[PDB]
């Protein structure tokens, strides 16, 4: 089957920066693989560029993409973060800083219980301390849950608007890993997930005129039955997989790449939006970008590290891999 990717993103009248970022992704997709790393948000200012800095010093280059998370921007008991000047702009500033260097900010949001009854994003089937927040109620106009999600969406939109007004575009990967049902937003299944996606897409893109976002739908794991979870081609720019292989296994994950091509009819760029061990760079499974998780998933620890020093040196010097030093500047 042929690829059939749009040269423009789904946002009408995308910002100049979003145009440039999307075009960069389309032009490099299938020819090069964009390096990435997640960082840990919270009360540690030094940590904010830990993983990229380690990569610069150890492997000779910063990743082209940096991962940031709004998880503390809202939530029960999170005032220490969102009301402290040291942290309330941590995500915006990290994204601005990386964009200004020519890199790609990739934002997500482990969205804490919008009711504020708990501080949890994990669902009752996750095995972890959970929220009871009901996605099916959140998508119905005029419920308490609907009011709550719209309050939180306004806060995050304010942050994204700060980025928009600074000329920054981002990969935006909301409502991620929905099909695992371990987060409240996927816990009620595909119907609520798609209705949530639409509420957020319309609020951000139409109501708030956030035209600076490249929308990433996380398709698994688990991937089985993901077609029924898909928000549609008009609400998604990139298909991302979150695949955590055995620790130390750099298999390319070819089969998942192929499934994403098939399931979505070749219409969207396919990326490895989270991983542990990074898939070996390989143009037979040419993930648009990869992003290991933070701490030991990136910086090696122990005798069987997720991504060894040797692996990183090789990867960051590969002609297949785009590092921050290969970026054109926005």
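Numbering follows the first chain given and starts at 1.
*Asks:* On average, are the C-alpha B-factors higher in 159-167 or in 82-90?
*Replies:* The entry gives the higher C-alpha B-factor average to 82-90.
*Asks:* Comparing 176-184 with 251-259, where is the mean C-alpha B-factor higher?
*Replies:* It is 251-259 that shows the higher mean C-alpha B-factor.
*Asks:* Select one of 305, 276, 36, 286: the residue whose C-alpha shows the highest B-factor in the crystal structure entry.
*Replies:* Most elevated C-alpha B-factor of the set, per the entry: 305.
*Asks:* Within this chain, which third does the Cα B-factor at residue 16 fall in: lowest, middle or highest?
*Replies:* Answer is highest: the recorded C-alpha B-factor places it there.
*Asks:* Can you tell me whether residue 113 has a C-alpha B-factor in the lowest, middle or highest third compared with the other modelled residues of the same chain?
*Replies:* Its C-alpha B-factor belongs to the middle third of this chain's values.
*Asks:* Among the modelled residues of this chain, does the Cα B factor of residue 145 put it in the lowest, middle or highest third?
*Replies:* According to the entry, residue 145 has a C-alpha B-factor in the chain's highest third.
*Asks:* According to the PDB entry, is the CA B factor of residue 73 in the bottom, middle or top third of its chain, that is, lowest, middle or highest?
*Replies:* Its C-alpha B-factor, which the entry lists for residue 73, ranks in the lowest third among residues of this chain.
*Asks:* Determine, from the deposited record, the chain-internal third of the Cα B-factor for residue 292: lowest, middle or highest.
*Replies:* Its C-alpha B-factor belongs to the lowest third of this chain's values.
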